[PDB]
Structures are given as structure tokens and as C-alpha cells.
Amino acid sequence: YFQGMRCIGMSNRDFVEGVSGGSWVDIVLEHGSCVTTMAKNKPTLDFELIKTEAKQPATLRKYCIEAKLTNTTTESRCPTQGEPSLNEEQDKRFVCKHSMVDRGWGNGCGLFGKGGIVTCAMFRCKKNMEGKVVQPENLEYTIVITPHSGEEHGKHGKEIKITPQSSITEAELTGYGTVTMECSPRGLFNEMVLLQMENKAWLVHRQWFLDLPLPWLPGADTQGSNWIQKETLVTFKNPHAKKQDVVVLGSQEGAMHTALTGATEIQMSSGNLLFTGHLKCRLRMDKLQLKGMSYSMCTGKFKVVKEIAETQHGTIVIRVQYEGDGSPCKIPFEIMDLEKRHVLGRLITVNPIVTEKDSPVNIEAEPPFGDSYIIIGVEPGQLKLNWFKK
Amino acid sequence: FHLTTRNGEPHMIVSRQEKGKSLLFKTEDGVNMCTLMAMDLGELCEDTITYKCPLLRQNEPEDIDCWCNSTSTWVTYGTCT
Ligand SMILES: *[C@@H]1O[C@H](CO)[C@@H](O[C@@H]2O[C@H](CO)[C@@H](O[C@H]3O[C@H](CO[C@@H]4O[C@H](CO)[C@@H](O)[C@H](O)[C@@H]4O)[C@@H](O)[C@@H](O[C@H]4O[C@H](CO)[C@@H](O)[C@H](O)[C@@H]4O)[C@@H]3O)[C@H](O)[C@H]2NC(C)=O)[C@H](O)[C@H]1NC(C)=O
């Protein structure tokens, strides 16, 4: 329900901070996890790689897995008369076969013996599958950069898309400025094809795919009718003197789904193949800044909206609601020891602020181990919450 | 049936209703009678087959289910039911 909550709720969360000022900071991004970066006088940010997809990957080959036959035509000649022929033998849409068959007086020949026969039938694919080769060089990674403000709320994180060919990115964070970052991959395709059957896909070996006993068309083909190896889905029956039957095998979808048992299934959407990527990025924050210095410190009362929550990362989330007047105002907040002499711990949700009165704000803080005082606001009615961190 | 041509030779397009009847048609050489015994002769559809019915003078037919008595003719029919 608030900005930064998603990363707080993740079990795989790294906290990164640079040892220099104005220098680069390295982070590692994986699907399902997030990174929280922090720096002196700079807003805390959350980074998450949310998607890795191949766009318009090149089609290696199209395979026909279901076909129909029409236009069956047969031509045969008498013994000693040579090889018969049909024009259709030139038409790439037809599958043809030359054979020899017994001929004689009973079927128009003056001599008993074997004659040449040829039969053709128009081949029409009714269903095909595709083998694609994804170029690692062009995978597109989507990273979401969320200002860790604890702003309950319209306030969606900054989404950026990059490829390994992209140049340094300058992402703007509304109100904070811009953060610069560069990323590089870290793989799977020199050798695996991605077979797409209807709207599922599978990770398969190159040679296995190229050896499939099915009719095919090279990727470049847009015509899709001059199938190669049509005979793989066709059976020419034994010929008779003047005619011969040709039968097409049935759909091989089921045969494929079966041959695809154990193959790594690849998810996909809108025709694009999705993968789970791995990124290593460097980021610089010299162009970021805190939001709201123009504001002054709240001097109203806050009320802890709910039960203070403990996170999986040694921090706590305190949901407070401003009941005073004078907001947007800065939320007074400090963690100290039992005597309120020294300052202990630190905020993860840096520079907390109330945008609207009675719209509770969530604050993530890191109390020191043991006992401490969470001092929220300033008196009259200053909050003094006892906290024990185990 | 519809009488047409295939490379200059007569070509019959036979429909289901003609199963079992002698196919007659005049030709410059006289009246040609072709006999069609195709067991799989069905309705005209995309599943057609096309082949030649040879001229048989004085010989019993053998391994064929279509032949003519005066001029070799091509035949086409569908197999749909
Ligand atoms: C292959 O077969 C076809 C058809 O089977 C051949 O055409 C057919 O040839 C028949 C003769 O082989 C022909 O028969 C005729 O019968 C009548 C002629 O009279 C004959 O003459 C002798 C001599 O005196 C007599 O002894 C005796 O009376 C014979 O009958 C006659 O009435 C002709 O008739 C009509 O034909 C059609 C069909 O009924 C009528 O619609 C038309 O109005 C005519 O009046 C017939 O000419 C048989 O009818 C004929 N059928 C055809 C042409 O469709 C073909 O020539 C053969 N080809 C080869 C190379 O073998």
C-alpha cells in the first residue's frame, strides 16, 4: 500500500552503499529479488529486474506438423517409352513421386512389362511450428527503480528498458532528479533453439531441431508454400497401371508434445519469449537529491496508524498519520538509547514527510539491537515508543 | 459430366450422380464411350483425383477402373461422401 513496500516484503533484498562520494556503486539484479541503495543526503532507492524478453528473434526454420492434399494427378507410360512427367512437378506446392508399375495389353500398352509412372498432389500446410534463435545481444531487460519513500498512495516506480547494446541510462525520478546506471548481462544460445508450437515454446537443442523428420521452410520464407521434405508427411501407395493413391499422415502435434517431454519450457507473451535474466549494474547518484527541503518540521501530533511491523531484514515499518496542520511538512523522527542521550540506528526511509494530513505515511527504520526509543514528532504529544530488537 | 480439355485431350469431370453409367461424348472420330468403374467415385470436392482412361480395342481391362473404346480420355472426380 506504499512506495517501497514491495522490496521490504521480499526475502531476497540486498542493502548497498558506496564507500566514496560521487563514485559508482555496483549492484546485482535477479528476478524475484531487490536491491536497496542508500547514500548520505540522498534518497533511498529500490531496484528490481522485473522482465527479460527477446524481441523479434530470428526464425531459423518453420516446420509443417499438419497438412492436407488436393489435386492428386497421375501420369504413366508404357514399357520402353521413357519417364512420364507432369507440369505440377515444377510447381513447388506439389509433392510428387516417380515409380515403376506393371503395364500390358489390359491397360493400353502393346507390350507387357514395367512402365514409368508419376503422381503429384498439392501439399497444403494447415498447422506449423517455429524454431527461433534469440540473439543474447538484443534481449531487453526491464528494471523498476522505486523511490523508497514510504509514500502511501499514481506513484508508480520508474520503469526503464535496456539491452546489452544500450549506452549509460539517465533515469529521471520525479522530484529527486536523475540516477545514472549501466548494466551488463551474465547466459544460456549458441546451440539451443526456441521451438514455438502453438502459443507455447520450449528450449531445445539446435541439431535435434534441425534433424526433425518434417517438412520445412527456411526462416527467411514469407511465402510459406514451397515446403522442403514434403514426403515426410506423405505416403504414396503402391501404384496401379493408370492411378495411384497418396495419403497424408495425421497431425504430428501430439507427437511433438510427446517428443518435448522434459525440454525446458519457456514462457512467452504477446509473441515474445520471456527469460529470467541476470544483471550486474553500476549506478551513480550525484544527480539525485532529497525531496522537500523547502518544507519545515511538523510540530503537530502523529498517531501510529497500526501495529508496528518487523521485517525480514532487521528493520521495522511504522505507519503514522499526521493529525496536526501545516503539511506538506517534514516528519520529525529519531532513534535513541533509553536515556535519550545518543542517537542510534538509522532510517531506511530517509527524510520522511507528510504530503496530506490524514494520509498515513509508512516509515522503515533500523533500530539498533537491544532497547531503543523511537521519537516521532516533537511535543506537545511527542511519541516515545519503546523498542526491543532481537 | 463437364467435358473439357487437358493438353488437347478430352477430359471428363464426373459428379456423384453419374456413378454406374456409360460416359458418352462425340469426338471428331465418332462417339466415344468411356466406362468408369471407380469404386471411390464420390461428390466433387477439393479431394479430387485425376488420371487417364486408356483406349482399349480388343482386350479385357486389367489393373484399371476406367477405359474408353475410341479415344483415350482424362477423368477427374471427387471422393467426398
Ligand atoms: C463405341 O461404342 C459406342 C456406343 O456403344 C459407339 O457408338 C454406338 O455405335 C453403335 C454401333 O456400334 C450404334 O448403334 C446404332 O444402331 C442403329 C444403327 O442401325 C444398325 O445398322 C445395322 C445395319 O443394317 C443393322 O443391322 C441394325 O439395325 C443396327 O442397329 C441406330 O438406330 C443408331 O442410332 C441412334 O443412336 C443414338 C442412341 O440410341 C440415338 O440417340 C440417335 O438418335 C441415333 O438415332 C445407332 O447408330 C450406337 O447407337 C452408337 N451409340 C452412340 C454413337 O452413342 C462408338 O461408335 C464405338 N466406337 C468404337 C470406335 O468402337
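Any value given below was found using the heavy atoms of this structure, including those in side chains, with hydrogens, waters and symmetry copies removed. Letters A, B, ... mirror the listed sequences (proteins, then strands); counts begin at 1. First listed ligand is number 1; within each ligand, the first listed atom is number 1.
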If hydrogens are left out, which of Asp29(B), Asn32(B), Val31(B) has an atom nearest to atom 6 (C) of ligand 1, that is, the closest non-hydrogen atom?
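The residue whose heavy atom sits nearest atom 6 (C) of ligand 1 is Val31(B).
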Does the protein place a non-hydrogen atom closer than 4.0 angstrom to [atom]?
atom: atom 45 (O) of ligand 1; result: no
atom: atom 40 (C) of ligand 1; result: no
atom: atom 58 (N) of ligand 1; result: yes
atom: atom 50 (C) of ligand 1; result: no
atom: atom 1 (C) of ligand 1; result: yes
atom: atom 22 (C) of ligand 1; result: no
atom: atom 55 (C) of ligand 1; result: yes
atom: atom 61 (O) of ligand 1; result: yes

Checking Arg77(A) side chain against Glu83(A) main chain: does a donor-acceptor pair fall under 3.5 Å?
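Yes; at least one donor-acceptor contact below 3.5 Å.
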Side-chain donor or acceptor of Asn107(A) paired with backbone N/O of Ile64(B) under 3.5 Å
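Looks like no, no N/O pair under 3.5 Å.
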Testing the 3.5 Å rule here: is there a donor-acceptor pair between the side chains of [X] and [Y]?
X: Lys132(A); Y: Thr59(A); result: no
X: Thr73(B); Y: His11(B); result: no
X: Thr36(A); Y: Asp46(A); result: yes

Quick check: does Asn69(B) get an N/O under 3.5 Å from an N/O on ligand 1?
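Yes, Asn69(B) has an N/O under 3.5 Å of an N/O on ligand 1.
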Considering residues, nucleotides and ligands other than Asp26(A), do more than 12 of their heavy atoms fall under 6.0 Å from its CG?
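Yes.
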For atom 5 (O) of ligand 1, what is the nearest protein heavy atom, given as residue, atom name and distance?
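Its nearest protein heavy-atom neighbour is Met33(B) SD, 3.7 Å.
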Sole candidate of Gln289(A), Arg284(A), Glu170(A) that passes side-chain hydrogen bond (donor to acceptor under 3.5 Å, both in side chains) when paired with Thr178(A):
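Output: one option passes, namely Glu170(A).
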Is the gap between the SG atoms of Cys53(B) and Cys68(B) under 2.5 Å?
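The answer is no, since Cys68(B) and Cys53(B) keep their SG atoms 2.5 Å or more apart.
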